[PDB]
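S.K.: One structure follows; several queries about it will come next.
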Amino acid sequence: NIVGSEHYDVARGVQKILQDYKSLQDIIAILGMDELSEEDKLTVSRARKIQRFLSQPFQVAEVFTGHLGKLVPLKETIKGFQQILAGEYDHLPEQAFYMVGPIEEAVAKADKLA
Amino acid sequence: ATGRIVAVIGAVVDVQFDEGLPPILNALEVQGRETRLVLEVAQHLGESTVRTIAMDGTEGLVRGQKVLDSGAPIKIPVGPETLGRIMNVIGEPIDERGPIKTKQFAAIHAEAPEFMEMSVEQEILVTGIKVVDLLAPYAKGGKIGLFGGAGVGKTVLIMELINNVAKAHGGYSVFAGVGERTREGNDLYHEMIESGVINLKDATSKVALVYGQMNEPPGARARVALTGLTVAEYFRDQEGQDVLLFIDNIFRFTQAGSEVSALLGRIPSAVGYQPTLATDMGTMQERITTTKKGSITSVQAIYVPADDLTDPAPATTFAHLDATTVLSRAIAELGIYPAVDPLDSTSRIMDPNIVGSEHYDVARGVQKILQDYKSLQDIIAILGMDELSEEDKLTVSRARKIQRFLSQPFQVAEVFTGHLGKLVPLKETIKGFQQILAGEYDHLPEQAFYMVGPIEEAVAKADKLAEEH
Amino acid sequence: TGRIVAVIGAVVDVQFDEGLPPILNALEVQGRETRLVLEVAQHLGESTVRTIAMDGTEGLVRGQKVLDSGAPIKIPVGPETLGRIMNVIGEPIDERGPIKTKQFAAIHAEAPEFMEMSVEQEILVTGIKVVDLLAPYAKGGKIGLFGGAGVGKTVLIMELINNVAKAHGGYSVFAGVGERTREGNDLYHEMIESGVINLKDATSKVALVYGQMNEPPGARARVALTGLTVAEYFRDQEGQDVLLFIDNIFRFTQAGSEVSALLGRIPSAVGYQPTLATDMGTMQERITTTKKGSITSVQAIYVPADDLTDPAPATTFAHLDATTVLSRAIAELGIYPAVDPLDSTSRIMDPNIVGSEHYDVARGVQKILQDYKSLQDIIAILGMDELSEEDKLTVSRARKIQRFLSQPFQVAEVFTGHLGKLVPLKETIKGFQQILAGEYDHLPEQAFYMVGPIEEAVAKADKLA
Amino acid sequence: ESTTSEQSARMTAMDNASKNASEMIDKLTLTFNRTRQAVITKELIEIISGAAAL
Amino acid sequence: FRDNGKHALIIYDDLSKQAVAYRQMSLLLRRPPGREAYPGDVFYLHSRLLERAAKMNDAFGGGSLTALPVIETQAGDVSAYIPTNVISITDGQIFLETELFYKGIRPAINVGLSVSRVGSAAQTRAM
Ligand SMILES: Nc1ncnc2c1ncn2[C@@H]1O[C@H](COP(=O)(O)OP(=O)(O)O)[C@@H](O)[C@H]1O
Ligand SMILES: [Mg+2]
């Protein structure tokens with residue numbers, strides 16, 4: 001009711017793909033990656049970009065790494081977790097999603113490692 | 001000899017006398033109440049000051065109430081007239097049908113019989129349950145234990161042996177209920193009138209009942225089990241009949257003494273029990289025996305706290321039991337009912353000179369194929385089922401039919417299931433299990449043995465599943 | 001004098017009148033058959049001390065009479081204590097007459113001061129090829145002996161006694177801390193049949209202190225102090241280079257946490273005493289190299305429940321300078337002594353302590369013994385001939401090295417028939433400097449089994465065929 | 001050729017499944033040993049505090 | 001030296017064996033133990049000591065005082081009671097691995113877990 005019906009539905013899809021990845025870590029550590037299904041090489045391959053998309057460069061930590069502090073609006077952190085849960089960005093590596101702001105800088109980073 | 005009350009802390013009341021000191025383990029009557037409140041002496045403290053434990057509550061007690069003495073411990077009424085009546089810890093009737101009118105009064109604190117008053121003979125008492133009679137047979141005049149956690153079936157399995165054994169038995173029967181739900185003492189008073197075991201109109205009843213439940217003060221959940229086996233000592237000693245005795249629960253005898261302990265002035269032992277744990281347990285469990293004047297069969301349910309048989313209360317009762325029936329939650333969550341662990345239940349008469357050489361090589365033939373089934377599950381987790389050889393794809397399929405054939409539909413669990421009550425005899429239990437082991441039923445699926453009686457219904461249930469394809 | 005007021009277990013309380021004795025004194029009960037020594041540990045006020053007994057306590061009446069020595073427990077010490085067996089209070093327990101000597105010493109004695117310590121590390125040479133090359137022994141340091149029964153440990157004890165009395169001239173003390181009576185009798189008769197103790201003359205080389213296992217828990221904790229007083233006589237008065245054997249050090253720790261719980265103290269972590277770090281401090285700091293001589297200690301270490309971070313084998317580990325481990329998997333290979341070369345460490349193994357000649361020789365031995373440990377798995381699973389020709393020599397040389405570490409001992413001359421060899425330091429470094437370079441590789445394997453120096457190796461290749 | 005290609009990859013893939021299961025078996029041995037000491041320590045305090053308050 | 005315009009440096013070696021000495025005096029006074037049988041005020045022991053190491057301003061002389069305590073861990077345990085009470089005081093860490101000291105890298109400094117927060121802005125511009 002309070003945060004809406006669109007905010008509430010993307011936020012529950014993120015906690016669903018990160019819990020199913022947590023139940024496969026006891027098998028990937030023993031039998032490796034080549035023993036899963038074909039549809040379960042997509043829960044792993046998508047939760048390993050949502051995990052890296054929950055990283056953000058802070059503003060007070062400019063003197064740690066020398067990166068710029070980034071701020072996002074609330075309406076743009078709903079759009080970033082729809083174009084990953086749907087499958088729009090299944091042609092990018094995981095490290096392109098690492099330490100950025102909104103979703104537009106993720107595609108402006110994957111062109112560097114070409 | 002009157003005495004005054006000088007201190008009240010919790011359930012432990014201190015009483016100072018002046019001229020006559022009553023000994024330990026007596027009864028003191030508190031004058032001034034509308035109800036009857038009895039105090040039991042537990043310690044001496046010097047300068048004529050005893051320290052007691054209260055049988056009822058202690059609200060409304062004031063420092064200075066004059067307290068009488070009895071000169072004797074708690075003498076309950078006993079005899080033939082107490083059959084078909086519910087009674088209290090101190091002997092008052094709570095069935096609201098009038099006073100128990102009998103001639104013999106007997107204290108609940110008495111000694112144990114000596115070494116040359118023991119009996120030595122062993123038998124086998126047949127029940128009709130397939131897991132019990134095959135792998136861990138019970139015995140006449142022998143102490144039987146029912147282990148397991150919370151919510152696996154200890155009260156139902158002890159309700160089954162009143163159904164089978166107690167109506168075909170000649171002599172009497174006693175049920176002591178110690179520290180369990182007060183609801184379940186009403187589903188026994190109403191499942192023993194409609195079966196005619198308790199009779200409310202004449203003098204032909206066969207069951208007495210003694211009840212101290214989990215609403216009582218903790219000084220009263222530790223003297224009820226001593227009141228159960230005082231009525232059951234009258235029938236064995238002053239008469240000569242064969243008596244049974246059902247006790248549920250008996251973990252609430254140990255726990256109810258671990259609550260009054262720290263106020264009596266005792267340092268705690270390991271995980272929280274009293275220092276005198278294995279002495280007052282062994283003082284009660286040496287009166288439940290078969291002597292040269294009678295015989296007491298006894299079935300007991302023993303709560304195991306949070307599924308750990310290394311807790312100091314269940315792991316010291318093992319020395320007092322002949323047949324242990326360890327229930328388990330890892331079997332009950334498969335649907336196999338009664339969940340009895342076959343690789344954890346023993347008996348003292350599993351002996352090829354007592355049960356014959358044909359029963360003996362069948363019992364060990366079942367445990368050997370179940371234990372070898374355990375070590376095979378470690379391979380299927382990495383390899384799989386199909387990559388195994390054809391020789392051990394057969395010892396799995398023989399083991400899975402032995403797991404499912406042990407489960408039997410009980411009679412008093414009809415309202416859970418809707419299925420009917422089966423009772424397989426002893427000669428049929430062995431002949432059912434020889435034929436699954438030898439391979440005479442390799443052409444049936446696993447579901448044809450689930451919740452059946454004898455082996456005859458295992459093939460009748462096999463064809464009825466076939467036609468609905 | 002005093003009087004006994006309270007007897008509770010193995011704890012006696014004594015009431016005095018005028019002469020209140022200080023802590024760590026020693027009283028003596030009057031009226032009993034055998035000596036019962038009480039040790040004062042606390043001043044309880046109103047002229048009352050708290051004593052721990054050292055023998056059986058029964059038969060004691062409240063209100064007996066108790067004298068005072070005015071000093072701590074004083075033992076018979078001297079050079080004529082060599083070859084005898086005593087308990088914690090100096091009494092002889094082998095029925096060979098009373099020990100007669102000139103002077104006595106007290107067991108509760110302070111550490112050496114700061115201006116008396118040695119300012120340099122120095123290697124102790126014992127003659128064995130595997131010890132003095134890969135895990136060398138510092139003079140004054142503490143040594144940990146891993147391994148138990150069935151590995152050949154009691155021979156290595158009896159041989160380090162013999163070699164130090166030959167190359168250095170210093171005797172030894174054996175202290176049995178809470179040891180079995182059945183196993184403390186066999187070590188008496190195994191030393192007799194090897195010469196290091198002698199019942200006929202004064203050529204003994206050890207003194208035995210045996211505080212056995214069935215004694216009260218106060219008497220099993222002071223044995224490692226009584227057996228350190230005797231070892232301090234041969235350094236402070238004569239200036240030798242003494243050894244010291246404790247078997248074992250866990251029964252000194254565990255016997256400490258039963259006096260500190262009979263005395264009414266709150267236990268520390270998992271069950272030990274509060275004072276676990278000072279009782280290991282006020283014992284093992286007397287084992288040091290002063291300006292006169294030194295004391296070196298070899299201690300057996302038992303790890304409870306295979307936990308290397310339990311506080312009893314963690315307090316001890318901060319004192320050791322070198323560890324040697326007796327592997328049973330080398331005893332079934334035929335090698336004696338069964339000392340593992342890869343799992344032994346030394347703290348003084350350093351180019352600025354033992355020099356660069358010892359260093360680069362003993363560094364290459366442990367590297368070549370790893371390559372044979374990694375190539376032995378491909379040969380066992382796959383096969384032999386697939387590996388290169390440069391690796392076939394490393395397989396051949398490492399079977400020469402691990403048999404050149406064997407050495408026949410002088411304590412076993414009667415049984416295995418060989419001659420006992422004592423190798424000095426400059427032969428062992430010269431030997432392994434040539435095996436690495438392929439200089440003696442064409443000779444077969446059995447020329448290197450059970451020899452002394454490298455000179456006797458080529459004298460054994462001639463006798464084959 | 002295909003039964004040699006398959007039987008060599010069964011040799012490698014069963015080798016890394018015993019390195020990763022032995023790397024995991026030491027990290028749970030330290031946590032077992034911290035927790036084994038912490039239970040002897042914890043239930044020792046409850047006995048001392050029970051006797052001191054008495 | 002700090003109050004009189006000079007710069008000092010102190011190396012405590014080590015603060016692990018101090019806290020096992022304060023544990024002994026506490027339990028011998030019958031005080032209630034806590035985690036790992038330690039007393040309740042171990043954090044007061046090391047905070048009131050390492051708060052003195054500071055740098056005064058130019059109106060107070062301009063001196064300083066640098067500290068470098070030493071903590072010993074049991075088998076890489078950086079999640080115990082004492083090595084977390086001192087990580088939450090000092091302004092950074094230096095980690096020494098026991099499995100890089102065996103591989104021949106010396107000094108075995110873990111470069112991944114070694115951080116220094118406030119001291120990064122004060123170094124030479126050549127470096
Ligand atoms: N014959 C039976 N077989 C298997 N489970 C049963 C049977 N009868 C009852 N149960 C299960 O046992 C549970 C507890 O029953 P009960 O024996 O009364 O409790 P407890 O054993 O804890 O005293 C119930 O939830 C019921 O589902
Ligand atoms: Mg119940």
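How things are named: the first chain in the structure tokens is A, the next is B, and so on; residues count from 1 in each chain; ligands count from 1 in the order shown.
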How would you write, as a PyMOL selection string, the set of residues no farther than 8 Å from ligand 2 when counting only C-alpha atoms and all ligand atoms?

M.R.: chain B and resi 150-151+153-156+180-181+248-249

S.K.: Write out as a tab-separated table a residue-level contact list of chain B versus ligand 1 with cut-off 8 Å: for each qualifying residue the closest pair of atoms and the distance in Å to one decimal, counting only C-alpha atoms and all ligand atoms, rows sorted by chain and residue number upward.

M.R.:
residue	atom	partner	partner_atom_place_in_ligand_line	distance
B:148	CA	ligand 1	21 (O)	8.0
B:149	CA	ligand 1	22 (O)	7.1
B:150	CA	ligand 1	22 (O)	4.3
B:151	CA	ligand 1	22 (O)	3.3
B:152	CA	ligand 1	12 (O)	4.6
B:153	CA	ligand 1	17 (O)	3.3
B:154	CA	ligand 1	21 (O)	3.6
B:155	CA	ligand 1	17 (O)	3.6
B:156	CA	ligand 1	17 (O)	4.2
B:157	CA	ligand 1	17 (O)	6.7
B:332	CA	ligand 1	4 (C)	6.7
B:335	CA	ligand 1	4 (C)	7.5
B:336	CA	ligand 1	4 (C)	7.2
B:337	CA	ligand 1	4 (C)	4.2
B:338	CA	ligand 1	3 (N)	4.6
B:339	CA	ligand 1	4 (C)	6.6
B:409	CA	ligand 1	1 (N)	6.7
B:410	CA	ligand 1	1 (N)	5.3
B:411	CA	ligand 1	1 (N)	7.9
B:412	CA	ligand 1	1 (N)	7.3
B:413	CA	ligand 1	1 (N)	5.0
B:416	CA	ligand 1	8 (N)	7.1

S.K.: Find the residues of chain A that sit at most 10 Å from chain D; for each, write down the nearest two atoms and how far apart they are in Å, to one decimal. Count only C-alpha atoms. Sort by chain, then by number going up, and give it as CSV.

M.R.:
residue,atom,partner,partner_atom,distance
A:29,CA,D:20,CA,6.7
A:30,CA,D:17,CA,5.3
A:31,CA,D:17,CA,5.9
A:32,CA,D:17,CA,7.8
A:34,CA,D:13,CA,9.8

S.K.: Export N, CA, C and O atoms of the chosen residues as a CSV table (one decimal), in the first residue's frame?

M.R.:
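And here is the file that came out, selection12.csv:
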chain,number,residue,atom,x,y,z
A,29,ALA,N,30.3,-25.7,-4.7
A,29,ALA,CA,31.6,-25.9,-4.1
A,29,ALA,C,32.2,-27.3,-4.1
A,29,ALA,O,33.4,-27.4,-4.0
A,30,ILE,N,31.4,-28.3,-4.3
A,30,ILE,CA,31.9,-29.7,-4.4
A,30,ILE,C,32.0,-30.1,-5.8
A,30,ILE,O,33.1,-30.4,-6.3
A,31,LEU,N,30.8,-30.2,-6.5
A,31,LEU,CA,30.8,-30.8,-7.8
A,31,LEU,C,31.0,-29.7,-8.9
A,31,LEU,O,30.9,-30.1,-10.1
A,32,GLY,N,31.3,-28.5,-8.6
A,32,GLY,CA,31.6,-27.5,-9.6
A,32,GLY,C,30.4,-27.0,-10.3
A,32,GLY,O,29.2,-27.3,-10.0
A,34,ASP,N,29.7,-27.4,-13.7
A,34,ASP,CA,29.2,-28.2,-14.8
A,34,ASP,C,28.3,-29.4,-14.4
A,34,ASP,O,28.0,-30.3,-15.2

S.K.: Provide as a list in words the residues of chain C at most 12 Å from chain D, counting only C-alpha atoms.

M.R.: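 Using only C-alpha atoms, chain C residues at most 12 Å from chain D: residues 261, 264, 265, 266, 267, 268, 269, 270, 271, 272, 304, 305, 306, 307, 308, 309, 310, 311, 381 and 382 of chain C.
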
S.K.: Among region 7-39 of chain B, which residues does DSSP mark as strand (DSSP E) when it is run on the backbone? Keep the chain and numbering as in the structure and answer as a PyMOL selection string.

M.R.: chain B and resi 7-9+12-16+27-30+38-39

S.K.: Could the residues in this selection be saved with C-alpha atoms as a PDB file, in the first residue's frame?

M.R.:
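Generated file (selection-v7.pdb):
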ATOM      1  CA  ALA B   7       9.336 -18.471  56.251  1.00  0.00           C
ATOM      2  CA  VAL B   8       7.710 -18.967  52.838  1.00  0.00           C
ATOM      3  CA  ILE B   9       9.800 -18.744  49.665  1.00  0.00           C
ATOM      4  CA  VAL B  12       9.476 -24.345  50.175  1.00  0.00           C
ATOM      5  CA  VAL B  13       7.999 -23.568  53.600  1.00  0.00           C
ATOM      6  CA  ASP B  14      10.086 -23.439  56.785  1.00  0.00           C
ATOM      7  CA  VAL B  15       8.455 -24.620  60.013  1.00  0.00           C
ATOM      8  CA  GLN B  16       9.911 -24.141  63.504  1.00  0.00           C
ATOM      9  CA  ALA B  27       2.921 -35.313  56.746  1.00  0.00           C
ATOM     10  CA  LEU B  28       2.009 -31.991  58.350  1.00  0.00           C
ATOM     11  CA  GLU B  29      -1.522 -30.582  58.224  1.00  0.00           C
ATOM     12  CA  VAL B  30      -1.846 -26.806  57.909  1.00  0.00           C
ATOM     13  CA  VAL B  38      -0.109 -31.268  53.454  1.00  0.00           C
ATOM     14  CA  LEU B  39       3.589 -30.497  53.968  1.00  0.00           C
TER      15      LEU B  39
END

S.K.: Using only C-alpha atoms, determine which residues lie at most 10 Å from residue 236 (chain B), disregarding the query and same-chain residues fewer than 5 positions distant; provide the list as a ChimeraX atom specification.

M.R.: /B:231,241-244,289-296

S.K.: Taking 5 positions as the minimum chain separation for residues in the same chain, which residues sit within 9 Å of region 73-83 of chain A when counting only C-alpha atoms? Answer as a list in words.

M.R.: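 Final neighbour list, sorted by chain and number: residues 6, 7, 10, 11, 13, 14, 50, 53, 88, 89, 102, 103 and 104 of chain A.
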
S.K.: Pick out the chain D residues within 8 Å of chain B. Count only C-alpha atoms. Give them as a ChimeraX atom specification.

M.R.: /D:43,47,50-51,54

S.K.: Work out how far CA of residue 108 (chain C) is from CA of residue 77 (chain C), in Å to one decimal.

M.R.: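 The value is 14.3 Å.
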
S.K.: Please measure the separation of CA of residue 69 (chain A) and CA of residue 54 (chain A), giving the value in Å to one decimal.

M.R.: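 Separation between CA of residue 69 (chain A) and CA of residue 54 (chain A): 14.8 Å.
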
S.K.: Using only C-alpha atoms, which residue out of B:225, B:432, B:305, B:381 lies closest to chain A?

M.R.: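 Among the listed residues, the smallest separation from chain A belongs to B:381.
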
S.K.: Using only C-alpha atoms, which protein or nucleic acid residues come within 10 Å of residue 298 (chain B)? Drop anything in the same chain fewer than 3 positions from it, and give the result as a list in words.

M.R.: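 These residues fall inside the cut-off: residues 139, 140, 141, 142, 143, 144, 145, 174, 243, 244, 245, 246, 247, 288, 289, 295 and 321 of chain B.
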
S.K.: Using CA of residue 74 (chain C) and CA of residue 88 (chain C) as the two end points, give the distance in Å to one decimal.

M.R.: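 Distance between the two atoms: 9.8 Å.
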
S.K.: Any idea which chain E residues end up within 12 Å of chain C if we count only C-alpha atoms, as a ChimeraX atom specification please?

M.R.: /E:16-39,72-77,102-104

S.K.: Using the selection just defined, write its residues with N, CA, C and O atoms as a compact mmCIF listing (two decimals), in the first residue's frame.

M.R.:
# COMPACT_ATOMS: atom_id res chain seq x y z
N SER E 16 48.45 -8.98 24.04
CA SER E 16 47.74 -10.22 24.32
C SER E 16 48.08 -10.74 25.70
O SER E 16 47.19 -11.16 26.45
N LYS E 17 49.36 -10.71 26.07
CA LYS E 17 49.81 -11.23 27.35
C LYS E 17 49.55 -10.27 28.50
O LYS E 17 49.76 -10.66 29.66
N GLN E 18 49.12 -9.04 28.22
CA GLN E 18 48.62 -8.18 29.28
C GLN E 18 47.21 -8.58 29.69
O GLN E 18 46.89 -8.60 30.89
N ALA E 19 46.36 -8.91 28.72
CA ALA E 19 44.97 -9.22 29.01
C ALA E 19 44.80 -10.58 29.67
O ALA E 19 43.79 -10.81 30.33
N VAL E 20 45.77 -11.49 29.52
CA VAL E 20 45.77 -12.72 30.31
C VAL E 20 46.37 -12.51 31.68
O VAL E 20 46.28 -13.41 32.53
N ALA E 21 46.98 -11.35 31.93
CA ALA E 21 47.43 -10.98 33.27
C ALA E 21 46.38 -10.19 34.02
O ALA E 21 46.34 -10.25 35.25
N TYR E 22 45.54 -9.44 33.31
CA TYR E 22 44.41 -8.78 33.96
C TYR E 22 43.29 -9.76 34.25
O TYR E 22 42.52 -9.56 35.20
N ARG E 23 43.17 -10.82 33.44
CA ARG E 23 42.21 -11.89 33.73
C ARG E 23 42.54 -12.59 35.04
O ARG E 23 41.64 -12.92 35.80
N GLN E 24 43.83 -12.78 35.32
CA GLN E 24 44.23 -13.50 36.52
C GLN E 24 43.92 -12.70 37.78
O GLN E 24 43.44 -13.26 38.77
N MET E 25 44.16 -11.38 37.76
CA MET E 25 43.87 -10.57 38.94
C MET E 25 42.38 -10.39 39.14
O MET E 25 41.94 -10.14 40.27
N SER E 26 41.59 -10.50 38.08
CA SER E 26 40.15 -10.32 38.21
C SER E 26 39.49 -11.54 38.83
O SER E 26 38.73 -11.41 39.80
N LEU E 27 39.77 -12.73 38.30
CA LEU E 27 39.20 -13.96 38.84
C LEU E 27 39.75 -14.32 40.21
O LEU E 27 39.11 -15.10 40.92
N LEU E 28 40.90 -13.78 40.59
CA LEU E 28 41.38 -13.97 41.95
C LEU E 28 40.74 -12.99 42.92
O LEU E 28 40.98 -13.09 44.13
N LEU E 29 39.93 -12.05 42.43
CA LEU E 29 39.11 -11.18 43.25
C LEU E 29 37.65 -11.59 43.23
O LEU E 29 36.81 -10.86 43.77
N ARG E 30 37.34 -12.73 42.61
CA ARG E 30 35.99 -13.29 42.45
C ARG E 30 35.06 -12.32 41.73
O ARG E 30 34.03 -11.89 42.26
N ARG E 31 35.43 -11.98 40.51
CA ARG E 31 34.60 -11.16 39.67
C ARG E 31 33.90 -12.02 38.61
O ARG E 31 34.42 -13.07 38.23
N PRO E 32 32.71 -11.62 38.15
CA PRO E 32 31.98 -12.44 37.18
C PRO E 32 32.65 -12.44 35.82
O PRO E 32 32.84 -11.38 35.20
N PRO E 33 33.03 -13.61 35.31
CA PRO E 33 33.64 -13.69 33.98
C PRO E 33 32.62 -13.51 32.87
O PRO E 33 31.41 -13.61 33.07
N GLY E 34 33.13 -13.25 31.67
CA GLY E 34 32.28 -13.06 30.52
C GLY E 34 32.60 -13.99 29.37
O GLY E 34 32.65 -15.21 29.56
N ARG E 35 32.82 -13.44 28.18
CA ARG E 35 33.26 -14.24 27.05
C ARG E 35 34.70 -14.68 27.28
O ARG E 35 35.55 -13.86 27.61
N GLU E 36 34.95 -15.98 27.08
CA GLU E 36 36.28 -16.61 27.25
C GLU E 36 36.85 -16.40 28.64
O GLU E 36 38.06 -16.26 28.80
N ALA E 37 35.96 -16.35 29.64
CA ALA E 37 36.29 -16.15 31.06
C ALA E 37 37.04 -14.85 31.33
O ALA E 37 37.77 -14.74 32.31
N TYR E 38 36.86 -13.85 30.48
CA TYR E 38 37.45 -12.54 30.66
C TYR E 38 36.57 -11.69 31.57
O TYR E 38 35.38 -11.96 31.71
N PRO E 39 37.13 -10.66 32.22
CA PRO E 39 36.27 -9.75 32.98
C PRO E 39 35.48 -8.82 32.07
O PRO E 39 35.69 -8.80 30.86
N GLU E 72 48.55 -11.30 19.17
CA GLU E 72 48.80 -12.64 18.65
C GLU E 72 47.49 -13.42 18.56
O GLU E 72 46.77 -13.55 19.56
N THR E 73 47.19 -13.93 17.38
CA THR E 73 45.98 -14.71 17.14
C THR E 73 46.29 -16.19 17.07
O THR E 73 47.39 -16.61 16.71
N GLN E 74 45.29 -17.00 17.40
CA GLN E 74 45.40 -18.46 17.40
C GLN E 74 44.80 -18.99 16.11
O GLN E 74 43.57 -19.06 15.98
N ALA E 75 45.68 -19.33 15.16
CA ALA E 75 45.34 -19.94 13.87
C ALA E 75 44.42 -19.04 13.04
O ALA E 75 43.33 -19.44 12.62
N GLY E 76 44.89 -17.82 12.80
CA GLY E 76 44.21 -16.90 11.90
C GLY E 76 42.87 -16.39 12.37
O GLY E 76 42.08 -15.92 11.55
N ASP E 77 42.60 -16.44 13.67
CA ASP E 77 41.30 -16.09 14.22
C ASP E 77 41.25 -14.59 14.46
O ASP E 77 41.68 -14.09 15.50
N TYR E 102 55.63 -19.41 5.17
CA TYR E 102 56.13 -20.74 4.87
C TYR E 102 56.50 -20.89 3.40
O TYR E 102 57.39 -21.68 3.08
N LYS E 103 55.87 -20.13 2.52
CA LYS E 103 56.15 -20.19 1.09
C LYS E 103 57.38 -19.40 0.68
O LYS E 103 57.74 -19.41 -0.50
N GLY E 104 58.03 -18.71 1.61
CA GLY E 104 59.25 -18.00 1.30
C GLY E 104 59.12 -16.52 1.05
O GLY E 104 60.13 -15.86 0.79

S.K.: Taking 2 positions as the minimum chain separation for residues in the same chain, which residues sit within 9 Å of region 162-167 of chain B when counting only C-alpha atoms? Answer as a CSV table (one decimal) with N, CA and C atoms, in the first residue's frame.

M.R.:
chain,number,residue,atom,x,y,z
B,126,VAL,N,3.2,-61.6,23.9
B,126,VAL,CA,2.9,-61.3,22.5
B,126,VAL,C,1.9,-60.1,22.5
B,127,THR,N,2.2,-59.1,21.6
B,127,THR,CA,1.3,-57.9,21.5
B,127,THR,C,0.5,-57.9,20.2
B,128,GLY,N,1.2,-58.0,19.1
B,128,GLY,CA,0.5,-57.9,17.8
B,128,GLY,C,1.1,-56.8,16.9
B,158,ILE,N,1.4,-46.1,23.9
B,158,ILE,CA,1.0,-46.6,25.2
B,158,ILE,C,-0.5,-46.6,25.4
B,159,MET,N,-1.3,-46.0,24.4
B,159,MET,CA,-2.7,-46.3,24.4
B,159,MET,C,-3.0,-47.5,23.6
B,160,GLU,N,-2.1,-48.0,22.8
B,160,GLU,CA,-2.3,-49.2,22.0
B,160,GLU,C,-2.2,-50.5,22.9
B,169,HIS,N,-6.2,-59.7,29.5
B,169,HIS,CA,-5.4,-60.0,30.7
B,169,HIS,C,-6.4,-60.4,31.9
B,170,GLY,N,-6.0,-61.4,32.7
B,170,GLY,CA,-6.8,-61.8,33.8
B,170,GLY,C,-6.9,-60.9,34.9
B,171,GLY,N,-5.8,-60.5,35.5
B,171,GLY,CA,-5.7,-59.6,36.7
B,171,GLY,C,-6.0,-58.2,36.4
B,172,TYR,N,-5.6,-57.3,37.3
B,172,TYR,CA,-6.0,-55.9,37.3
B,172,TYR,C,-5.0,-55.1,36.5
B,173,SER,N,-5.1,-53.8,36.6
B,173,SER,CA,-4.3,-52.8,35.9
B,173,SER,C,-4.4,-51.5,36.5
B,197,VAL,N,-14.4,-51.1,30.5
B,197,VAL,CA,-13.3,-51.4,31.4
B,197,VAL,C,-13.6,-50.7,32.7
B,206,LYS,N,-11.9,-53.0,36.3
B,206,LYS,CA,-10.6,-53.7,36.3
B,206,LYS,C,-9.4,-52.7,36.2
B,244,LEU,N,-0.5,-55.2,35.7
B,244,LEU,CA,0.2,-54.3,34.8
B,244,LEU,C,0.3,-52.9,35.4
B,246,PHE,N,1.1,-48.8,33.8
B,246,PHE,CA,1.4,-47.9,32.7
B,246,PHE,C,1.7,-46.5,33.2
B,411,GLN,N,-5.1,-49.4,15.8
B,411,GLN,CA,-6.6,-49.4,16.0
B,411,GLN,C,-7.0,-48.1,16.6
B,412,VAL,N,-6.3,-47.5,17.6
B,412,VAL,CA,-6.8,-46.3,18.2
B,412,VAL,C,-6.4,-45.1,17.4
B,423,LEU,N,-3.9,-56.8,13.5
B,423,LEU,CA,-3.2,-57.4,14.6
B,423,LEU,C,-2.6,-58.7,14.1

S.K.: Could you tell me which of A:65, A:49, A:56, A:111 comes closest to residue 95 (chain A) if we count only C-alpha atoms?

M.R.: A:49
